[PDB]
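Chains as they are written, first to last, in the authors' numbering: chain K, 2 to 186; chain Z, 4 to 127; chain F, 2 to 263. No residue lacks a Cβ here, since even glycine has one placed at the ideal position from N, Cα and C. Below is one structure; the comments refer to it alone.
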RNA sequence: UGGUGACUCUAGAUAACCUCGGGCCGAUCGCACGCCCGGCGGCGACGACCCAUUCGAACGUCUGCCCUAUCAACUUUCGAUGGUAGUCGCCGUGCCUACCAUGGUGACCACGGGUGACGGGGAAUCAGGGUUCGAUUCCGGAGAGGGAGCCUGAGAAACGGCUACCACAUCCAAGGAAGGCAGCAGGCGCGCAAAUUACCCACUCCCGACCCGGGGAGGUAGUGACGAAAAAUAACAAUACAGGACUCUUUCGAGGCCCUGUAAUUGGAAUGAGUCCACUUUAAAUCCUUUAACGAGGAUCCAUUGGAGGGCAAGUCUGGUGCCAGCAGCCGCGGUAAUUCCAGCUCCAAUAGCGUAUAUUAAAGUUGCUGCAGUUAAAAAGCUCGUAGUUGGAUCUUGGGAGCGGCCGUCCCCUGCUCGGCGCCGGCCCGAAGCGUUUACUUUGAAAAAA
RNA sequence: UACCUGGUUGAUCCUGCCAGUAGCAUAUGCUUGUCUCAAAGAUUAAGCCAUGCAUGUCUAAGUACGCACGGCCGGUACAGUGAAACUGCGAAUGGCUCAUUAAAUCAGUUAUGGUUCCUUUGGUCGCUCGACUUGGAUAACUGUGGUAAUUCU
């Protein structure tokens, strides 16, 4: 009778056909292009889209001026506008159906760190985040999956406690300084 | 360079305390001990450090901010009256029995055997 | 079970207490008293969850055993005492007085009342009884057996008792056009004028209630309480005024208030 | 008197009765204590008949359950269905007596049997339907080795109460005494199959005479790849090399302003695992978080698990074996060139995970309501009648009166008979309670625990 | 995402199943660096259980002559801390398991005008027309014991 939660869901779905050449082609394109690490990472962005998409289609069965459909619709649109996937010109919920997996990987904090020009490559960008270099409003984000909001995009920069910012010089430089002083005398 | 703000401030007239959420900025350096928090809260509210009980700090990830709960009592007797006895014991002015509960269980069950004044003759 | 239950599971606790999931296996099982298990709000939950004067339920034991809390005119020292509808909690050392009125959602809210307002409370009668020597008896919604009442008072009327003496001062009679706080079911916390009574011999009599924005709705007569003659209430009302703005309008007003404030 | 939709209700009056195994009407305790010519008083605690209230509990109402006909008739003078009067019971009642009556249930599936059946909220799959599961933390039920009986109490047919019997089993000086882990640990056994004889009442609540005690309830640790979330195993330059924007050269070759890729090639800058003081966390700790100092070049701090004939992504590469050893879910590969064995290299897939066995869901429109079939692939009774079952022809309100928008579209109307209010000189206009075919259907409303 | 694919033939189109495909939840193999949640003797045997623990409880306020401690304005008893014992209350909740149980249990739905209810809350508690505080047991205590043995007495 313990005071625990147990509530947990999966974030991905494994595809039906495991060896579709055209699927293995397109998913490895997405991984290499946006610098992911496994097929589960594409499958979970695909499942977040499919949930949004399933919700959107459920609202399209309901008649216009249905208070559930207006409230739930405007909420789902506002949620997609906030995360910077859907434009403010396109906040009608028949444009959510015309929406692709690439647009959510564009808002990945790995891909934003790359596209804001404070990382050299998409693979460098993951290293920086995973080695807790970057911050989002004086909050060190360690995790590259951080879906950056449209509200929260320009406040991405290096952490104050990182040597790529105004930070203490790292372990290698400090050993190479001690080596340089050890060699001379 | 340790800044300490107070947040969600309340005055329990019914427990004879101030109670608030302590918000400690300390970028670059370690989680500061409770002794520096108490001594800064003391001069923050112009009170003795002995009446200030400060606990429950969880440092945010990154570590330029910790949030804990503090409370400033009116007197020393008010502190020792209506405070958890374990949180007094961080200040050394509560000491509890040395015995672990298994001895006290087995003692009780041995005392349940004998009737009359012989229950004092179980131990010693 | 082969006797009465003495525990309440945190999950099985009523939803209107707004107890969290993760802190404890058990909820505070309300002691027997004036209000029902699932219609009350224990002193502990008012004192440490709503107002947050305590942190734990041992702090609430320390508060109440200093005798600083006074529910409807008498000091209780039980942490699981059922404080229910229209009850007046007077925390005297703080110099505060609270009425347990239902918010527009089914919860009880923190409604602060003035020390003058806190001297009387309003009680729905449950039945009229004739005692052992022709003595007429009321029984209120909080178990007050008030004997020798005014003969015009019938069931489903409300009576204004003075706490200090426990005697009736005024009463609203259950008639059309009178204000009605709904104290049970889907409409829990609505305030509106009674526009229609619909009798059902045997089954439950239903009562249609028009609101302050023409939002008419029905309710079982069991779940109804009259709070003033015509359009003037005999209590002070919480913000929202039991009018029940929709979730679309709630979103609108919350968004307008956040954006305009900053 | 008062109340309900309805009392043989509540209250009233009369007559009485009063269980000796006996309803109440206080022989109780604590604080501060005062005023009054010994009396009189404040604030409580406890107890109490009865009423109400609360927490309930019990017995009933309507409706709803899996497989089975190789279960078609069952129930009944050891109650079956009724009636009358009792007994018992807290009350209602075949609950149980006594006496009558001969009923009750059934193809709309009774009765009997099975269940690897506690039920539900729920879970897994799932286009739409469905199918399967639900011992398991919430609700309800039941049981404490098997039946049975009872004590005490408001509440038990209680088993961390008692009494027997049956079963198994423990001490014994042989006369006796004691037992109940389907509580928390733990042991044996059983098995394909499941963790510590840990710490604590600090959180959550519960119990008590109780601000103070107790709680294997619970919380916290240990074991833990049941399962779920996040996420390292390198990143960037410069050199070796290969293609291209672009110029030139028919093709070579050059330039690199622009890269894009990989070499146990060199180079600096990085960070976490790990070690570890110190704080923070906490009942005391642990883990995370924070943080000094250490901590990465074959960054040996070395990623596996399955495959590479097809289905199904990926070698007709080499060595060995020669219908042997073996692989192979299926088709099949093996008989001396094996793309299929056993290995080396290489490649593929998923990745801190991946294979295998088994129940199960989709796939299965291969159980078909949606939605399958039945000339010949499996399948229409030999034929007709026939009672339930199922399905059943047509037909009974229509044309208008009124307004808005630019002939059309939405809107208002096609029943009557106590008391009141837009009132008028007993009637009319209007509202309220009631009367006004029965359903099914649809629409709304009330109500329905959380998780 | 409302999906199929290999296999009867010399070849073909079918029926049709077998086998592949993806979950899910039990076992098991091999492998395992970080971090957050978290199931865990249900399936077989509701089989058997050594040992330890799991229900106890005191306020100013039922009962204090244990000197076990302890103050002095004592003679108008009882200062106060108080083990034990009596009294009251709890032990009918919680926890565990799923054997039984197929109109039973359970769910929604009503009823209790057909019942009981410690507790809590509010009533009632000079409503009756007839001692300024009564009776004698018992436990802790003290002291003799018995049985091999018990939470025996």
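Within the model, the alpha-carbon separation for residue 216 (chain F) versus residue 86 (chain K) is close to 39 Å. Contiguous alpha helix (DSSP H) elements confined to the region 56-113 of chain F occur at 58-65, taking only those with 4 or more residues. Among the residues facing chain F, residue 110 (chain Z) is not included, as its CB has no counterpart in that chain under 7 Å away.
Pairing residue 67 (chain K) with residue 94 (chain K), the inter-Cα distance amounts to about 14 Å.
Shown in chain order are the members of the region 72-98 of chain F whose Cβ falls below 7 Å from a Cβ of chain Z: 92, 94, 95. Contact annotation: in the region 15-31 of chain Z, residues whose CB is within less than 7 Å of a CB in chain F are 15, 16, 17, 18. If you draw a straight line from the Cα of residue 116 (chain F) to the Cα of residue 98 (chain F), it comes to about 6 Å. Annotation for residue 177 (chain K): the continuous alpha helix (DSSP H) segment containing it runs 172-185. In the three-state scheme derived from DSSP, where H, G and I count as helix and E and B as strand, residue 197 (chain F) is classed as strand.
Contact of residue 110 (chain K) with chain Z by beta-carbon distance below 8 Å is absent, the smallest such distance being about 15 Å.
A Cβ-Cβ separation of about 4 Å places residue 83 (chain F) in contact with residue 31 (chain F) under the 8 Å criterion. At a C-beta separation below 7 Å, residue 251 (chain F) has no neighbours in chain Z, since its nearest C-beta there lies roughly 25 Å away.
Considering only F:159, F:91, F:195, F:108, the residue with the shortest C-alpha distance to residue 128 (chain F) is F:159. Residue pairing from DSSP places residue 28 (chain F) in a beta bridge opposite F:9. Between residue 191 (chain F) and residue 210 (chain F), the beta carbon gap of about 7 Å places them in contact (Cβ cut-off 8 Å).
Shown here for residue 114 (chain F): same chain residues with a beta carbon closer than 6 Å to its own, the five before and five after excluded, namely 98, 100, 237 in chain order. For residue 27 (chain F), same chain residues with a beta-carbon under 7 Å away, outside a window of 5 residues either side, are 8, 9, 10, 11 in chain order.
Spatial neighbours of residue 134 (chain K) in its own chain (CB-CB distance under 7 Å, excluding positions within 5 residues in sequence) are listed in chain order as 159, 160, 163, 165.
Pairing residue 135 (chain F) with residue 150 (chain F), the inter-Cα distance amounts to about 12 Å. Residue contact check for residue 248 (chain F) against chain K: a CB pair falls below 7 Å.
When secondary structure is reduced to three states using DSSP, residue 13 (chain K) falls in the coil class, being assigned neither helix nor strand. In this chain, residue 139 (chain K) is not harboured by any beta strand (DSSP E), its DSSP state being neither H nor E. Here residue 4 (chain K) really is in contact with residue 23 (chain F); their C-beta atoms are around 6 Å apart, less than 8 Å. Shown here, residue 62 (chain Z) sits in a strand according to DSSP, grouped into three states. Contact check for residue 72 (chain F) against residue 46 (chain F) fails: the beta carbons are separated by 7 Å or more.
Contact annotation: residue 117 (chain K) and residue 157 (chain K) have beta-carbon atoms nearer than 7 Å. Along the region 155-167 of chain K, the positions whose C-beta sits under 8 Å from a C-beta of chain Z are 160, 161, 162, read in chain order.
Counting only residues of its own chain and dropping the five nearest sequence neighbours on each side, residue 50 (chain Z) has a CB closer than 6 Å to the CB of 75.
Sequence-distant partners of residue 70 (chain K) (beyond 5 residues in either direction) whose C-beta falls short of 6 Å from its own C-beta, in its chain, are 60, 63. A direct Cα-Cα distance of roughly 9 Å separates residue 239 (chain F) from residue 111 (chain F). Chain-ordered, the chain F residues with CB closer than 8 Å to the CB of residue 71 (chain K) read 249. Any Cβ of chain Z closer than 7 Å to the Cβ of residue 54 (chain F) would place that residue at the interface, and such an atom is present.
Within the region 12-27 of chain F, those residues whose Cβ lies closer than 9 Å to any Cβ of chain K are, in chain order, 22, 23, 24, 25, 26, 27. Your pair residue 153 (chain F) and residue 121 (chain F) does not check out as a contact, with CB atoms roughly 19 Å apart and the cut at 8 Å.
Annotation: the continuous alpha helix (DSSP H) that includes residue 53 (chain K) extends over 40-62. Judged by beta-carbon spacing, residue 149 (chain K) lies within the 7 Å limit of residue 108 (chain K), meaning their Cβ atoms are closer than that value.
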